[PDB]
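Engineer: below you'll find the sequence and an experimental structure to go with it.
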Amino acid sequence: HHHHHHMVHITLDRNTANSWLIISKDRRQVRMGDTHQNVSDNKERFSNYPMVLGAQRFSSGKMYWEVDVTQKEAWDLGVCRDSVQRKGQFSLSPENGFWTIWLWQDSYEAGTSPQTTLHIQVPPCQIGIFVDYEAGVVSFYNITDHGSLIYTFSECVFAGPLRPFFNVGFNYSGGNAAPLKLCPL
Ligand SMILES: CCn1cc(NC(=O)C2CCC2)cn1
């Protein structure tokens, strides 16, 4: 791909984070803590899952960023509406305001309804995410495999401002403690 020149500097929004997440000083890394991280509750925090939003809001243009997923067993990545549900149980779908892919139990899937199997020969260590607001496109790229396409959501109905979306996943296994990291430009 040739989307690198739309690179944007993403930072994480602490106020949206599940109360167990630990965000680095530079707001570029996030991991699951082993306990509640001693913050007050608020209506923005994702309550049920280890999710957090980027601070940036996008309503036009083309945007690109990269995320490091090295040695994780489970994670979700993509974008979502600013007004997505924060509390209780929900599925990641375009109907609910999410455009995402994930790793779960050694398989990669796109968050369609129902979910779509992805075909990845080289397990990615870094994922590129491209958003074209006007075109209604969200695309995912395998940076480990020379930028190869993973998945394209087209005919997207954003219906609001978009925010970068992250889920570090649970760590029931003891094998999923590693962080998500926003990679430098
Ligand atoms: C909540 C509004 N809404 C949006 C959609 N569909 C999409 O965004 C497309 C991406 C692939 C299907 C369905 N309902």
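Structural biologist: In hand now; what should we look at? Residues are numbered from 1 along each chain as shown.
Engineer: give the buried residues for the helix or strand hosting residue 102.
Structural biologist: Following DSSP states H and E, one finds residue 102 within strand 98-104. Residues of strand 98-104 classed as buried by neighbour count (16 or more other Cβ atoms under 10 Å): 98-103. All C-beta atoms are positioned from the backbone trio N, CA, C, and that covers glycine.
Engineer: tell me what that strand is packed against?
Structural biologist: Helices and strands touching strand 98-104, by 3 or more Cβ pairs under 8 Å, 6 or more residues apart in numbering; DSSP states H and E, are strand 75-81, strand 107-110, strand 148-153, strand 162-167.
Engineer: gap between the first one and the chain center?
Structural biologist: Here strand 75-81 is found 3 Å from its chain centre; the criterion is Cα atoms, centre = their mean, to the nearest Å.
Engineer: hey, what's the angle from it to strand 162-167? Just curious.
Structural biologist: 160 degrees (axes from the mean of the first three to the mean of the last three Cα atoms, to 10 degrees).
Engineer: and strand 75-81 with strand 98-104, angle?
Structural biologist: Going by the same axes, to 10 degrees, strand 75-81 is angled at 180 degrees with respect to strand 98-104.
Engineer: pretty sure residue 30 contacts residue 21?
Structural biologist: Yes. The pair residue 30 / residue 21 is scored as a contact, 5.5 Å apart, by Cβ atoms under 8 Å.
Engineer: and for these two, which residues touch both?
Structural biologist: 52, 168 (Cβ atoms under 8 Å, 6 or more residues apart in numbering).
Engineer: alongside the ligand, which residues does the protein contribute?
Structural biologist: 94-95, 97, 153, 155-157, 159 (Cβ under 6 Å from any ligand atom).
Engineer: and those residues, which is closest to residue 122?
Structural biologist: Residue 122 lies nearest to residue 153 out of the residues of the chain next to the ligand, by Cβ to Cβ, at 21.6 Å.
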